[PDB]
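What follows is the residue order along each chain.
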Amino acid sequence: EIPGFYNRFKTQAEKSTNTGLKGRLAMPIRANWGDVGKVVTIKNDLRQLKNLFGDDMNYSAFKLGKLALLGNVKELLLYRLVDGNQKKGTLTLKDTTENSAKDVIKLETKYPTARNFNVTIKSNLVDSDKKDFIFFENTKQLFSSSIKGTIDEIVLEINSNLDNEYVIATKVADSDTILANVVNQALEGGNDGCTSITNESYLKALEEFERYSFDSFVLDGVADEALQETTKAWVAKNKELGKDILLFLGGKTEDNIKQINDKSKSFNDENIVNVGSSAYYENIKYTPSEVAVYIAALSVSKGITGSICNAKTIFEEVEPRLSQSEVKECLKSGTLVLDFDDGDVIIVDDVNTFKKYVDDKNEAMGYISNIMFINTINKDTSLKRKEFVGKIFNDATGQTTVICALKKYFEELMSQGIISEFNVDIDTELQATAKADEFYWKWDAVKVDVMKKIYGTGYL
Amino acid sequence: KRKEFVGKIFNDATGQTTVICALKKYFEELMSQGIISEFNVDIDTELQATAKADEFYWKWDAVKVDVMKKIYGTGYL
């Protein structure tokens, strides 16, 4: 640059930061409003969810999004599910100067929907040629504007202000004629999003979700069986492909605790978590899958350095309600069920559906926190792939560098206290059999536990 | 190296030794860079016996240093 003393001030996030959030979650959702056919990330502010997908609790989108956000996920990734017939609302405007009136402007909702987004056009009381363009939803006004009677400036203004973000205006003809007055005319022709949604839509959503990486998946708070087996196979495929995705599920409200335990027996992969209990938060019930959304969100928000075996929930009630016998039955079945151990609703344990089996996949694998730990180690290691694969020569120096980097990572874990003991070394047994263009290595560790049970004995 | 050695040294033991020494120096330079893990370069006495007096035969083995394409890890907890 030219000589001088040029300041460039950077007080954007000086101390406006907090560290109370973590994790990311996947969400196929049915929605009346918002983008369609894309996987969109949502920051934890619910205002973003409300803006980008509406505020209708009749739909899985807003309700499950609110539950996930209250789960304190750092970034919530959504995908709007639709049938192919799903459509945008639309309205058309016409001129009045000519006896044979001609359509000159068309209004269409910015996102596909079927809501009653309405529009009003009336004569401007100040200027003769101006028309006052006002927009509503069921007469609840969104935005008002006034432009002279030329179509180009009218559509440009209507598309300019983001107060009119609900609707897009397009020019039908290049007229300079006075528009026709409308009063609360709905943008018709749209279709909602709950229309004929089937397993194929969920399959397409999952195929879209293959692109990204996630900490957990919950399947739209829907307990349809065939979707559950499909997602089970999909997660198994993703695991075999090096994508370590965890899955939470919730049974149907009609299922008895015996049926829920049978389903939790049917699932035995460690990445499957079955939720049995229903709950109420704002005096409104939530099916086991709807609360499975929340428990998955809370789990991913916990991340490492935590668990869920007694994490307090937002729910004001829980049902069905279990004695210690029923709780033990559910845990032995691998079911996760909420509890009312105190005046609040409390998560009973960290169990997953796998826990029915014991020894080879160890008992700690029956707990979700260990699976999150293993998936995190696999993810960081598969991040190291690109640092080390195809970039170092397999000699003693390259092996030493790889081992030193992994040792530094595990020592960082040790510094956090997550691991009580570890060692990582070359797998000389397999390294002897290794081909010259490959490397084998081994590591042992001991994750630091957490009190689930405590016992006290008193003397007087 | 052809232009350095062809038509400029007499095919005697001295010339063969000089050629072999130069090639050895080159391969040792490669070794110093670590590109080669092992090598040897020597006169091709099998073909040198059949070689005409105005020509030279030589042999060399080497082992290029590989790179990780595949890596596998196994975990214990």
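Per the PDB record, this model was obtained through cryo-EM at a reported resolution of 4.11 Å.

Asks: Is there a simple way to explain the interface of chain B and chain A in this structure?
Replies: Note on interface size: it is often stated as the accessible area lost on association of the parts. Across the boundary between the two partners, chain B contributes 13 residues, which contact 23 residues of chain A. Of the roughly 1,700 Å² buried between chain B and chain A on both sides combined, carbon and sulfur atoms contribute 64%. The interface formed by chain B and chain A holds 1 salt bridge in total. One salt bridge in this structure joins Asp 437 of chain A and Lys 70 of chain B, with 3.3 Å as the shortest N-O distance. Our enumeration of links across chain B and chain A arrives at 9 residue pairs in polar contact. Considered class by class, the residues forming the side of chain B that touches chain A number 7 nonpolar, 3 polar and 3 charged.

Asks: Just checking my understanding: could you explain the packing of helix α1 (residues 46–53) of chain A against helix α2 (residues 60–70) of chain A for this structure?
Replies: Relative placement of two packed helices is described by the angle separating their axes and the distance separating the axes. All names here are of chain A. In contact at an axis separation of 10 Å, α1 and α2 are set at 165° when each is read in the N-to-C sense. Relative to α2, α1 is oriented roughly antiparallel. α2 is crossed by α1, and the crossing has right-handed handedness. Note on element contacts: α2 touches α1 through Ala 61, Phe 62, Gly 65, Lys 66 and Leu 69, opposite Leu 46, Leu 49 and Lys 50. Looking at the contact of α1 with α2 residue by residue, the classes come out as 5 nonpolar, 1 polar and 2 charged.

Asks: Help me understand the nonpolar core, please; the structure alone is not making it clear to me.
Replies: When a protein is soluble and globular, its nonpolar side chains tend to lie buried together. Residue and element names in this part refer to chain A. Ranked by internal contacts, the top residues of the largest apolar core, which has 73 residues, are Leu 25, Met 27, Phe 315 and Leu 336. If you tally residues by element for this core, the top one is helix α7 (residues 288–302), at 9 residues. Aside from chain neighbours lying at most four places away, what touches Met 27 is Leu 64, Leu 76, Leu 77, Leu 78, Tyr 79, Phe 209, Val 218 and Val 293. In this structure, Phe 217, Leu 219, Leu 247 and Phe 267 belong to the second largest nonpolar core, which totals 22 residues.

Asks: What is the right way to look at the packing of aromatic side chains in this model?
Replies: In this description, a pair of aromatic rings is defined by centroid distance and the angle of the planes. All chains considered together, the criterion is met by 19 aromatic pairs over all chains. Pairing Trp 33 of chain A with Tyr 111 of chain A gives two aromatic rings, centres 5.6 Å apart and planes at 65°, and the pair type is edge-to-face. You can see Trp 33 of chain A sitting in the loop between β1 (22–30) and β2 (39–43) and its partner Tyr 111 of chain A sitting in the loop between β5 (103–109) and β6 (117–123), a full 78 residues away along the chain. Each member of the pair, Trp 33 of chain A as well as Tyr 111 of chain A, carries the same accessibility label: buried. Aromatic side chains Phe 27 of chain B and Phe 39 of chain B sit 5.4 Å apart centroid to centroid with 85° between the ring planes, which places their arrangement in the edge-to-face category. Remark: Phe 39 of chain B occurs in strand β1 (residues 36–43) and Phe 27 of chain B occurs in helix α2 (residues 13–32); sequence separation between them is 12 residues. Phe 27 of chain B gets classed as buried once you look at its relative accessible area, which sits at 5%. By relative accessible area, which is 16% here, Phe 39 of chain B ends up buried. Site record: aromatic cluster; members linked through ring pairs are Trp 33, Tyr 111, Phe 117, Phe 135, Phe 143 and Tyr 166 of chain A. Residue placement shows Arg 321 of chain A over the ring face of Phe 340 of chain A; its charged tip is 4.4 Å from the ring centre. For the cation-ring pair, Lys 452 of chain A lies above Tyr 367 of chain A, with the distance from its terminal atom to the ring centre recorded as 3.4 Å.

Asks: Got a minute to help me understand the environment of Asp 262 of chain A in this structure?
Replies: Residue and element names in this part refer to chain A. Tracing the backbone through its elements, the reader meets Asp 262 in helix α6 (residues 257–266). Its relative accessible area of 29% is what places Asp 262 among the partly exposed residues. Within the structure, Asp 262 has its side chain in polar contact with the side chain of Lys 258 (distance 2.8 Å).

Asks: Honestly, the side chain of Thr 120 of chain A in this entry has me stumped. Any pointers?
Replies: All names here are of chain A. Turning to its location among the elements, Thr 120 is positioned in strand β6. Separated by 2.7 Å, the side chain of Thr 120 and the backbone nitrogen of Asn 184 make a polar contact. Beyond its immediate sequence surroundings of up to four residues, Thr 120 is in contact with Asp 132, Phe 133, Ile 134, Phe 136, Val 182, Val 183 and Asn 184.

Asks: What am I meant to see in helix α9 (residues 368–388) of chain A here?
Replies: Note: α-helices contain 3.6 residues per turn, so residues at a spacing of three or four share the same orientation. End to end, α9 of chain A covers 30 Å across 21 residues, agreeing with the expected 30 Å (1.5 Å per residue, within 8%). If you check which residues of α9 of chain A are buried, you get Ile 368, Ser 369, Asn 370, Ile 371, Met 372, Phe 373, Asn 375, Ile 377, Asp 380 and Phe 388 of chain A.

Asks: What is the right way to look at the sheet that holds strand β13 (residues 278–280) of chain A in this model?
Replies: Within a sheet, neighbouring strands are paired by backbone hydrogen bonds and run either parallel or antiparallel to one another. Residues and elements named next belong to chain A. Across the sheet, 3 strands lie side by side as β14-β13-β15; this open sheet has antiparallel pairing. Among the strands making up the open sheet, the edge pair consists of β14 (285–286) and β15 (317–319). One ladder, built from 3 bridges, connects β13 with β15; its direction is antiparallel. By the bridge assignment, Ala 279 is partnered in β15 with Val 318.

Asks: Explanation requested: the sheet that holds strand β18 (residues 419–426) of chain A in the structure shown.
Replies: Taking strand neighbours across the sheet as the criterion, the 3 strands line up as β18(A)-β19(A)-β3(B) in an open arrangement whose pairing is mixed. Looking at which strands have only one partner, the edges of the open sheet turn out to be β18 of chain A together with β3 (70–76) of chain B. The sheet shows a mean angle of 20° between the axes of neighbouring strands, taken without regard to direction. Of the strand pairs in this sheet, β18 of chain A and strand β19 (residues 438–447) of chain A are connected by 7 bridges, and their pairing is antiparallel. For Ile 426 of chain A, the partnering residue across the bridge sits in β19 of chain A and is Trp 441 of chain A. Packed onto the sheet, α9 of chain A meets β18 and β19 of chain A together with β3 of chain B and runs at close to 150° relative to β19 of chain A. Of the strands in this sheet, β18 and β19 of chain A touch helix α10 (residues 396–415) of chain A, which is tilted by about 175° from β18 of chain A.

Calculation criteria
- Residues numbered from 1 in each chain as written, not as in the entry; some residues may be left out.
- Chains lettered and ligands numbered in written order.
- Part of a larger assembly, values for the part shown.
- Heavy atoms only, no water.
- Contact = heavy atoms within 4.5 Å.
- Buried area = accessible area lost by both parts, 1.4 Å probe.
- Salt bridge = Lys/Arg side-chain N within 4 Å of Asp/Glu carboxyl O.
- Polar contact = N/O pair within 3.5 Å; in protein donor to acceptor, adjacent residues only side chain to side chain.
- Nonpolar A, V, L, I, M, F, W, Y, C, P; charged D, E, K, R; others polar.
- Axes fitted to C-alpha atoms, helices over the stretch in contact; angles between N-to-C directions.
- Helix = DSSP H or I, 4+ residues; strand = E, 2+ residues; numbered from the N terminus.
- Parallel < 35°, antiparallel > 145°, perpendicular 65-115°, else oblique.
- Left-handed = near helix turned anticlockwise from the far one by under 90°.
- Core = buried A, V, L, I, M, F, W, Y, C linked by side-chain atoms within 4.5 Å.
- Buried < 20%, exposed > 50% of the residue type's maximum accessible area, 1.4 Å probe, protein only.
- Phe/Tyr/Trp six-rings, centres within 6.5 Å; stacked < 30°, edge-to-face > 60°.
- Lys NZ or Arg CZ within 6 Å of the ring centre and 35° of its normal.
- Expected span 1.5 Å × (residues − 1).
- Pairing = 2+ DSSP bridges.

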